[PDB]
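Below, in structure tokens: the form deposited in one PDB entry, a single chain.
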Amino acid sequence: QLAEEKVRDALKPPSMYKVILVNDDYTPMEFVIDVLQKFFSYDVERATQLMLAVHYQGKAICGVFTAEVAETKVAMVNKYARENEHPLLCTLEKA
């Protein structure tokens, strides 16, 4: 009914974003493990697998977040990478 139409129209899915690490030929594998542990709360085993995905697949998804939180993860990870003088790029794509 009218109430039911109002309900339908308020069920637009959240805008979510994958946060992604992109491979490069200069960033140490150990540093990527560090990144995944420090900023994404991965245990060492899971961090190591994702890091290997970055290296062998070209990129890996670190997790999926609201747009606001995703932009905050990207900013932090890149800052941490630059201050350690690595080119590691963390970016976003809409899920």
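Counting begins at 1, following the sequence as shown.
Below, we refer to the form deposited with a partner chain bound, which is not included among the displayed structures.
Not displayed here, the partner chain is kept clear of residue 57 by more than 4.5 Å at the level of heavy atoms in the entry with it bound. Although the partner is absent here, residue 76 lies within 4.5 Å of the partner chain in the entry with it bound, judged by heavy atoms. Though the partner is left out of this view, residue 69 does reach within 4.5 Å of the partner chain in the entry with it bound, counting heavy atoms only.
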